[PDB]
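Colleague: Please find one structure pasted underneath; my questions will follow.
Because the Cβ atoms are built from the backbone with ideal geometry, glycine has one as well, and the counts that use them run over all protein chains shown. What follows draws every value from the coordinates through simple rules; no lab data is involved.
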Amino acid sequence: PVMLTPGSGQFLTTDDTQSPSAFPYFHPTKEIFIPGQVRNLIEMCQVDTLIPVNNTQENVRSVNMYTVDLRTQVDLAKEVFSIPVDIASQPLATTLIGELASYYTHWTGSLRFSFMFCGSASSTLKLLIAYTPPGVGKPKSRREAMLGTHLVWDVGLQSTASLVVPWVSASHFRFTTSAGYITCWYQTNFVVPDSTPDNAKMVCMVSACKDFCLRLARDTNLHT
Amino acid sequence: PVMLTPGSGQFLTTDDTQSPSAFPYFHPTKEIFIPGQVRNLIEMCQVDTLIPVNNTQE
Amino acid sequence: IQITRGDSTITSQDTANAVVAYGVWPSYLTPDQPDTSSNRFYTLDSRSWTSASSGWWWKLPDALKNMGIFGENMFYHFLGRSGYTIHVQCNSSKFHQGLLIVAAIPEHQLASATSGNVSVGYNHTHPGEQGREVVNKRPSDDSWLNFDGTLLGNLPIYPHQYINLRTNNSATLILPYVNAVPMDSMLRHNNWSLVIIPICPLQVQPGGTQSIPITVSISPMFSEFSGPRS
Amino acid sequence: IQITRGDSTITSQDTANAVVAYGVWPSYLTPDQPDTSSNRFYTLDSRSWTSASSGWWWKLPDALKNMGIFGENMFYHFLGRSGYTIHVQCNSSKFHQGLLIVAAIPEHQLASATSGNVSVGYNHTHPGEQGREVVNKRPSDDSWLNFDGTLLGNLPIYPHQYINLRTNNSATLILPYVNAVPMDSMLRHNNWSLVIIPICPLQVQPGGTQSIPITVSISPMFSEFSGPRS
Amino acid sequence: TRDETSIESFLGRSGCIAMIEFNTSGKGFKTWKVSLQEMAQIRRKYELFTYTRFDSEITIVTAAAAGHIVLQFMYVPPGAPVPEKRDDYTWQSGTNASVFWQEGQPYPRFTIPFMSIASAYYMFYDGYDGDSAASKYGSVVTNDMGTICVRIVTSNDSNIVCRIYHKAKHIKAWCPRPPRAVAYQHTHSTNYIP
Amino acid sequence: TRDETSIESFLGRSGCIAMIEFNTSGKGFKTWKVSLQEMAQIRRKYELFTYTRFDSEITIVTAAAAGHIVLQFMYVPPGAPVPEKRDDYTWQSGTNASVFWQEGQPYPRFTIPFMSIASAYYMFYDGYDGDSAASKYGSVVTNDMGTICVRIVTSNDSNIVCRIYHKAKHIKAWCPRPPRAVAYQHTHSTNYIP
């Protein structure tokens, strides 16, 4: 004695019932050990990938989109670069973390940004790397950036610098379509001895921290 | 071996069966504490409210 | 007696008779903070209650956006959170009479004064420390409809106290932070509205003072902010 | 310091700072082996890195098919298996600058340089010890698309190290055997591709050496073969 | 006694919150953005509270008039793309929940979880989507609950009506409010003037 | 928390991987070689990995237009002979898995085991079927998953459309890869140029 109830005989595409094996007696090929098993996408989000910071129409078809120019022949009052911290938008959107977050509606947790200087061992320079919180508005000068959260990075002493931007929003998650700005400024002119390139390149990278989380999966035409 | 019985396949609007989640793997946003939770309407009935005794068209 | 918070001091004997909204004391957010430099009493300009008055309202935190350290913290952080102590005092003679309801309404989403699907405009819903004294994107004047299409006789369902001029010259409301998120934009959204409405209008005979002052003092409580900027 | 395997010896102080691909050390196949006569370092002809260079790639085991005992074992057995140590060295002055990514890609199935459903030809995917230096069945030249339609900024998801000429002149990758079968045809299929791409191009002033050598040394590790023939 | 005045009893009774209708001969699909504000009798009960949280059980009662018809009912969650055409890519997305139902089968039923990024739905919201004079005010700013989409799967002159019955489940409610004293004029708005 | 980024959550959601259509009046049957490469949105998610292993659950949503129609759906495993005609011997073979389904019955469902002679499917394969200049390269060499075959069993003017919904189950994935940055041109190929 049974009653079927209003869900009976549906194909709900998200259901999780048992179903008959088409091939009993068949034993699948034994699962051997293969290196590099992935159990969660958050393992992939934790890898540092290059930010295409140098988005200009001459560079976007090439390796040059990843490298920021540092040079002697410059207006030292201008920003070196700026990165909006939202993984929803350029330049972060095509990084591995921006790509994995594009499969989800909601994201949360801390982002690690890393910067690598690629000038000679004889090249020296100070850069000021500043984080500006959401809603504060991007700094207009090196002095304004220095009054905020910042690192004065001597690239002569340290070839790499890092910044961890913690989660800061009213809700425990935010949609994947502000988080603030990272901005870079000259603290000094570019210093070199003779017979040394008077310019260099810097590479910017992003990854998730161990607290990172994605929620509410979605599929959309962000790839055709 | 089952028999369906005369109620089978009804949509009774007052029924209380289980039904499938449309979104397994989704975890809802955590329930934070919010002041002033109501569990029963009789909590609201116990509040003193003004009587409109002076019902005249003016 | 005397009540002191930060460098601010106010005098009232009634302070122990406060209404705690929903029975919940304000508190700092749990693991699942500027203190007394922020958490002063800010005393607004006193309202003139007269026999003609329809009532007054203020929105929180909006009424404090220009008020010292707390007002600066609302611009210099992305998200914020606070409770409030609201103290309302209404000094009068033994020969004045009148009844106020003093109520705090969570999410007091105002109706317009107009018939369309038109929203109330931001300039009207953010009046600041002056509030609105009740008389096409302007809010309702119907204090008898709570400015939102609900009857004034049912306003006591909200956290409230009466000021009955023969009995008590003051009311105190203690408001916890009330929202569906732990912290929120202090400038786009108001957690609470303070509403003061005369149920029984002011009466006094000629030669008595025809206006009595309503003085509103608001202290932030357990204020918290995140996303600091210079 | 000095590293010795078989009758081969190479010099480098960086050897303890190797990246082990997927955290898995190479090993012999479990119950569910020629040793050091096979498992030498084979040092390829050095690449000339210049400001014009687009990068280089090699396929494994293909780059070793002509290399001594290991190369003979790939022809004289039906199926084979190995890990690798790849050591990449890049000697330069203090006045040179540039950044390489050195990456190992499992199953690096190349795209063609053409619009049809046409496959990359066997002659192009098996370049041997010379590799391909990047400039109708030929592979893609787009190192910025990883020759496979994926962005170069995302290449660090693979086992990789950087060579930044100011910091380090070398990289070491330890590669386990990676396949969906225990052993496979060493001549029809490549388990790994070594990819070396300049992220920041070489710069040096005139009168400095305009080409810097990239020297690749590959040792088989835990090599195993089956179906022996004379 | 007095379980019939519990919030689960008062808010958690099934009701027809929407009435999808469409014809076939683009065209052969319809969509409805999910809200409790459409029907005054449902809306008034939820608006006795400032915040509410519930999962919701959808049951779709379908009638049709010119073999047996096949329909796809699709739930599109908050912030996902809604169908623009009868055979758009959105109907194939494994991130949407679809139930395929065929005529004379028991009516389709599914539960959507509490979907919101906030910990409860705002019945009222004293704030804005932004700083502008054009910015929306009130409970339309918050509370995207998702969209229900319907298409005919069958190849061809027919009229289809779907009653969307909704039952809130595991209900919590906060900060009680005066009952609505005057007629509702528009969805999400507190406006009352004729 | 974070179960929604598990590989079972990310790869293991049901999606329409194929769209069998045929007419009747030879002719009255259709076949489809099973692969995940047909639909770009499905393909891109599997191609984040170098190897994957799963059982797969097939659900077939059928619509038809001119008594109730009877269909035979047949799974032909890797390396078994595929039908050449509507009443070929292959439809009677007890080594193929068949489900007979009749119109208005709940949609047919079955799980195929992981069928491959290798321990996982190759999403990418850096090798050949043989030594020749004509030899295939890439993940078309490996990964015969089998063929889905459909015929009408009924004696006679009708059009039939079958949506093959596929859910991967008990999923394992290895060696993560950069996401596909540019459009897919052809099945199993990494080619990208317009």
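Colleague: List the number of the failed condition for A:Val60; all other conditions in (1) part of a loop (DSSP other than H, G, I, E, B); (2) within 14 Å of chain D (Cβ to nearest Cβ); (3) hydrophobic (A, V, I, L, M, F, W, C); (4) touching a helix residue (DSSP H, G or I) at 6+ places or on another chain (Cβ under 9 Å) hold.
Modeller: (4)
Colleague: With respect to F:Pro106, determine if the residue is away from chain D (no Cβ under 14 Å), over 23 Å from F:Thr62 (Cα atoms) and surrounded by fewer than 16 Cβ atoms within 10 Å (Cβ to Cβ). Give the steps one after another, and end with the answer.
Modeller: Values: away from chain D (no Cβ under 14 Å): yes; over 23 Å from F:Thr62 (Cα atoms): no; surrounded by fewer than 16 Cβ atoms within 10 Å (Cβ to Cβ): yes.
Answer is no for this residue.
Colleague: Out of (1) over 19 Å from D:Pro156 (Cα atoms); (2) more than 14 Å from chain C (Cβ to nearest Cβ); (3) of a type in the set (A, V, I, L, M, F, W, C), the odd one out for A:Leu111 is which?
Modeller: Among (1) over 19 Å from D:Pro156 (Cα atoms); (2) more than 14 Å from chain C (Cβ to nearest Cβ); (3) of a type in the set (A, V, I, L, M, F, W, C), A:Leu111 violates only (1).
Colleague: A further question follows. Can you tell me which of A:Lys201, A:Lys210, A:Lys140 is outside any strand (DSSP E or B) and under 28 Å from A:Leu70 (Cα atoms)?
Modeller: A:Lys140
Colleague: Same structure, new question: Out of curiosity, is F:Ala181 within 14 Å of chain D (Cβ to nearest Cβ), hydrophobic (A, V, I, L, M, F, W, C), within 23 Å of F:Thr5 (Cα to Cα) and surrounded by 23 or more Cβ atoms within 10 Å (Cβ to Cβ)?
Modeller: Answer is no for this residue.
Colleague: Let me ask you something else. Which one of E:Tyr121, E:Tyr137 is of a type in the set (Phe, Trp, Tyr), within 30 Å of A:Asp16 (Cβ to Cβ), within 11 Å of chain C (Cβ to nearest Cβ) and buried (at least 22 other Cβ atoms within 10 Å of the Cβ)?
Modeller: Matching residue, one of E:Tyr121, E:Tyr137: E:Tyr121.
Colleague: While we're looking at this one, here's another question. Where in region E:3-118 are there strands (runs of 3 or more DSSP E), lying wholly inside it, with at least 1 residues that are more than 15 Å from the chain's Cα centre (by Cα)?
Modeller: In region E:3-118, E:15-24, E:29-33, E:49-65, E:70-76, E:97-102 are the strands (runs of 3 or more DSSP E) which contain 1 or more residues that are more than 15 Å from the chain's Cα centre (by Cα).
Colleague: For region A:34-51, how many residues are part of a loop (DSSP other than H, G, I, E, B) and either surrounded by fewer than 20 Cβ atoms within 10 Å (Cβ to Cβ) or at the interface with chain D (Cβ under 9 Å from one of its Cβ atoms) (or both)?
Modeller: 8
Colleague: Can you name every residue in region E:140-178 that is within 28 Å of E:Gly26 (Cβ to Cβ), of a type in the set (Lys, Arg) and surrounded by fewer than 21 Cβ atoms within 10 Å (Cβ to Cβ)?
Modeller: If the condition is that a residue be within 28 Å of E:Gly26 (Cβ to Cβ), of a type in the set (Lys, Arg) and surrounded by fewer than 21 Cβ atoms within 10 Å (Cβ to Cβ), then E:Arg163 is the only one that fits.
Colleague: Restricting to region A:145-197, give me the number of residues that are within 14 Å of chain D (Cβ to nearest Cβ), crowded, with 21+ Cβ neighbours inside 10 Å and hydroxyl-bearing (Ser, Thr, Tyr).
Modeller: Number satisfying all stated conditions: 1.
Colleague: Here's another thing I want to ask about it. Which one of A:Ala121, A:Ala77, A:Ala161, A:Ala88 is under 30 Å from D:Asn91 (Cα atoms) and in a loop (DSSP other than H, G, I, E, B)?
Modeller: Answer to the check: A:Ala121.
Colleague: List the strands (runs of 3 or more DSSP E) inside region C:129-205, counting only whole elements, that have at least 1 residues being aromatic (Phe, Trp, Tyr) and away from chain E (no Cβ under 14 Å).
Modeller: Values: elements: C:160-164, C:170-175, C:192-203.
Hits in region C:129-205: C:160-164.
Here's the yes/no breakdown for (1) more than 7 Å from every other protein chain (Cβ to nearest Cβ); (2) basic (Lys, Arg):
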position: A:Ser21; (1), (2): no, no
position: A:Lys78; (1), (2): yes, yes
position: A:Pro84; (1), (2): yes, no
position: A:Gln90; (1), (2): yes, no
position: A:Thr94; (1), (2): no, no
position: A:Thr105; (1), (2): no, no
position: A:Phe115; (1), (2): yes, no
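Residue-wise test of (1) within 19 Å of E:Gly12 (Cα to Cα); (2) surrounded by 16 or more Cβ atoms within 10 Å (Cβ to Cβ).
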site	(1), (2)
B:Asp15	yes, yes
B:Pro20	yes, yes
B:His27	no, no
B:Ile32	no, yes
B:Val53	no, no
B:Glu58	no, no
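Colleague: Right, something else. Restricting attention to region C:5-33, which residues are touching a helix residue (DSSP H, G or I) at 6+ places or on another chain (Cβ under 7 Å) and not in a strand (DSSP E or B)?
Modeller: If the condition is that a residue be touching a helix residue (DSSP H, G or I) at 6+ places or on another chain (Cβ under 7 Å) and not in a strand (DSSP E or B), then C:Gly6 is the only one that fits.
Colleague: Select from region C:130-178 the residues that are of a type in the set (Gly, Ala, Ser) and at positive phi and write down the one among them that is surrounded by the most Cβ atoms within 10 Å (Cβ to Cβ).
Modeller: The first filter runs over region C:130-178 and keeps only residues of a type in the set (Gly, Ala, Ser), leaving C:131, C:140, C:143, C:149, C:153, C:170-171.
Imposing the further condition that a residue be at positive phi reduces the set to C:131, C:149.
On the way: C:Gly131: 21, C:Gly149: 23.
Result: C:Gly149.
Colleague: Something else now. Check region E:35-56 and report whether any residue there is over 30 Å from A:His172 (Cα atoms) and among the acidic types (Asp, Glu).
Modeller: Within region E:35-56, not a single residue is over 30 Å from A:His172 (Cα atoms) and among the acidic types (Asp, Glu).
Colleague: Looking at region C:95-109 only, could you name the residues that are assigned to a loop (DSSP other than H, G, I, E, B) and either under 14 Å from C:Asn136 (Cβ atoms) or facing chain E (nearest Cβ under 7 Å) (or both)?
Modeller: C:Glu107, C:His108, C:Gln109, listed by residue number.
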